[PDB]
Participant: 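The structure is given below, and queries will be raised subsequently.
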Amino acid sequence: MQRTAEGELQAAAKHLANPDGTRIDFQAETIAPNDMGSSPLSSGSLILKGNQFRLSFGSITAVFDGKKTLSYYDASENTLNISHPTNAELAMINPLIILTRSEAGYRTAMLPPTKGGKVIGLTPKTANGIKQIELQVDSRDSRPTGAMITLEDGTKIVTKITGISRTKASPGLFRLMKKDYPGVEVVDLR
């Protein structure tokens, strides 16, 4: 007998439940329609604590407070940006958010498996810019191994997990203050 997709999703979430925090190392690539304007495969990290996360990827350091506010520093533009992201925008930068909070918006189904892995498919009940989310997990213990988000326009955001570890994440990792970026331009997008 084998678990439902919902069952596998809730077994995968257990791997991110360390109370003091979880560190995820990954590689990610965005493949744009017709491969025009794609972003190359590169490396990143996510620190999770409760509903908060700190994302390091590309030129960006981003923090989500677990409520409604995303703050991110872009080292290439020298801007500190504060915004109210949509639920879809959060999944696009942190696909594992589908595991850390209750989500009312997606139908769940099992997709064809891989060698030693399972594949869970999530499709929105209401249009939201996302066509499908695909979470890859290890067949032994449902440990997340990767994710792919396909946008309605065909963009593929592909994430490969290269490590999951324990960490003691302090309050300070989930805040960005203007003093920490000499000369930074603050842009309030709220």
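For this chain, numbers begin at 1 and follow the sequence in order. What's counted below: heavy atoms across the whole structure, side chains too, no hydrogens, waters or symmetry copies.
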Participant: Examine distances only and state if a side-chain atom of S139 and a backbone atom of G116 form a donor-acceptor pair shorter than 3.5 Å.
Facilitator: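 Yes, because the side chain of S139 sits within donor-acceptor range (under 3.5 Å) of the backbone of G116.
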Participant: Is the shortest heavy-atom distance from the side chain of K178 to the side chain of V184 under 4.5 Å?
Facilitator: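 Result yes, sub-4.5 Å side-chain heavy-atom pair found.
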Participant: To the nearest 0.5 Å, what is the distance between CG on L99 and CG on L16?
Facilitator: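 One finds 5.5 Å between CG of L99 and CG of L16.
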Participant: Compare all side-chain heavy atoms of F174 with those of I47 and state whether any distance is below 4.5 angstrom.
Facilitator: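 The answer is yes, as the side chains (C-beta and beyond) meet within the 4.5 Å cut-off.
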Participant: Verify, without hydrogens or angle tests, whether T159 (side chain) and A28 (backbone) share a donor-acceptor contact under 3.5 angstrom.
Facilitator: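 Pair absent, no side-chain N/O of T159 close to backbone of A28.
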Participant: Enter the distance from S71:OG to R190:CZ here, rounded to the nearest 0.5 Å.
Facilitator: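 Rounded to the nearest 0.5 Å, the OG-CZ separation comes to 7.0 Å.
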Participant: If you compare all heavy atoms of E89 against all heavy atoms of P85, which two are closest, and at what distance to 0.1 Å?
Facilitator: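 For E89 and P85, the tightest heavy-atom pair comes out as OE1-CA, 3.4 Å.
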Participant: Taking atom CG of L122 and atom CD1 of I98, what is their separation to the nearest 0.5 Å?
Facilitator: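 Answer for the CG-CD1 pair, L122 versus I98, is 4.5 Å.
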Participant: If you compare all heavy atoms of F57 against all heavy atoms of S43, which two are closest, and at what distance to 0.1 Å?
Facilitator: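 Shortest heavy-atom contact: CD1-O, 3.5 Å.
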Participant: I need the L176 CG to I82 CD1 distance, nearest 0.5 Å.
Facilitator: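 If I round to the nearest 0.5 Å, the distance is 8.5 Å.
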Participant: Can you check whether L55 reaches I60 side chain to side chain, under 4.5 Å on heavy atoms?
Facilitator: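 No, every pair of side-chain atoms sits at 4.5 Å or beyond.
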Participant: Step by step, would you call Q136 with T145 a side chain to side chain donor-acceptor pair (under 3.5 Å)?
Facilitator: CA-CA 5 Å; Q136 299 123 39; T145 59; 4.7 Å; no
Participant: Might you point out which heavy atoms bring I130 and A88 nearest each other, and give the distance in Å?
Facilitator: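 Shortest heavy-atom separation between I130 and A88 comes out as CD1-CB, 4.0 Å.
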Participant: Closer than 3.5 angstrom, by distance alone: can the side chain of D141 be matched with the main-chain N or O of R143 as a donor-acceptor pair?
Facilitator: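 Yes, because the side chain of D141 sits within donor-acceptor range (under 3.5 Å) of the backbone of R143.
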Participant: So does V137 get a backbone contact from the side chain of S142, meaning a donor-acceptor N/O pair under 3.5 Å?
Facilitator: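 No; judged by distance alone, with no hydrogens or angles, the pair does not exist.
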Participant: Let's go through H15 and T22 carefully: what are the C-alpha distance in whole Å and the side-chain angles of both, what is the deciding distance for side chain to side chain contact (heavy atoms under 4.5 Å, CB included) to 0.1 Å, and is it a yes or a no?
Facilitator: CA-CA 9 Å; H15 291 261; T22 305; over 6 Å; no
Participant: Can you run down the ring-ring contact (aromatic ring centres under 6.0 Å, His included) pairs that involve residues 68-126, sequence neighbours left out, and say none if there aren't any?
Facilitator: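 The answer is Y73-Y181.
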Participant: For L151 and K131: C-alpha separation, side-chain torsions, deciding distance, then whether side chain to side chain contact (heavy atoms under 4.5 Å, CB included) applies.
Facilitator: CA-CA 5 Å; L151 303 185; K131 188 185 304 281; over 6 Å; no
Participant: Sequence neighbours left out, what pairs pass side-chain hydrogen bond (donor to acceptor under 3.5 Å, both in side chains) with at least one residue falling in residues 47-66?
Facilitator: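 Non-adjacent pairs meeting side-chain hydrogen bond (donor to acceptor under 3.5 Å, both in side chains): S59-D74.
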Participant: Any side-chain heavy atom of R101 sitting closer than 4.5 Å to one from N87?
Facilitator: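 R101 reaches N87 side chain to side chain.
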Participant: Indicate, with yes or no, if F53 and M177 share a hydrophobic cluster defined by side-chain heavy-atom contacts under 4.5 Å among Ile, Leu, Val, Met, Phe, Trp and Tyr.
Facilitator: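 No, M177 and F53 fall in different hydrophobic clusters.
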Participant: Working to the nearest 0.5 Å, report the span between CD1 of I93 and CG of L70.
Facilitator: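 Answer for the CD1-CG pair, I93 versus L70, is 4.5 Å.
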Participant: List the steps and the verdict of side chain to side chain contact (heavy atoms under 4.5 Å, CB included) for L90 and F64.
Facilitator: CA-CA 9 Å; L90 286 170; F64 181 62; 3.8 Å; yes
Participant: Please examine the side chains of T155 and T30, heavy atoms only from C-beta on, and report whether any two atoms are closer than 4.5 Å.
Facilitator: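 A side-chain contact exists here, since the closest heavy-atom pair is under 4.5 Å.
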Participant: Is a donor from one side chain sitting under 3.5 angstrom from an acceptor on the other, for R23 and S165?
Facilitator: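 Judged by distance alone, the side chains do not pair up.
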Participant: Work out which heavy atom in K125 is nearest to a heavy atom in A104; give both atom names and the distance.
Facilitator: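 Nearest pair, atom of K125 first, then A104: NZ-O, 2.9 Å.
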Participant: Looking at every non-hydrogen atom in both residues, tell me the closest pair between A32 and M36 and how far apart they are.
Facilitator: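 Minimum heavy-atom contact is CB-O, 3.2 Å.
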Participant: Is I133 reachable from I97 through a run of I, L, V, M, F, W or Y residues, each pair having side-chain heavy atoms under 4.5 Å apart?
Facilitator: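 Yes, it is one cluster - the side chains of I97 and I133 are joined through contacts under 4.5 Å.
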Participant: For the residue pair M110 and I120, establish whether any side-chain heavy-atom pair is separated by less than 4.5 Å.
Facilitator: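 Yes, their side chains come closer than 4.5 Å.
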Participant: In terms of side-chain heavy atoms, does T150 have a donor or acceptor partner in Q132 at a distance below 3.5 Å?
Facilitator: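 No, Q132 and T150 have no side-chain donor paired with an acceptor closer than 3.5 Å.
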Participant: Answer whether the closest heavy-atom distance between the side chains of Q2 and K118 falls below 4.5 Å.
Facilitator: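 Side chain of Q2 against side chain of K118, heavy atoms only: contact under 4.5 Å found.
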Participant: On a heavy-atom basis, which atom in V119 and which in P112 lie closest, and how many Å separate them?
Facilitator: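 Shortest heavy-atom separation between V119 and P112 comes out as CG2-O, 3.5 Å.
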Participant: Is the closest side-chain heavy-atom distance between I164 and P144 below 4.5 Å?
Facilitator: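 The answer is yes, as the side chains (C-beta and beyond) meet within the 4.5 Å cut-off.
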Participant: Quick check on the hydrophobic clustering: are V63 and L48 connected, directly or via other members, by side-chain heavy-atom contacts under 4.5 Å?
Facilitator: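 Each belongs to a different hydrophobic cluster.
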Participant: So, are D138 and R140 salt-bridged, with charged N and O less than 4.0 Å apart?
Facilitator: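 Result for this pair is yes, salt bridge flagged.
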Participant: About how many Å separate CD1 of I157 and CD of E29, when rounded to the nearest 0.5 Å?
Facilitator: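 So the CD of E29 and the CD1 of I157 are separated by 11.5 Å.
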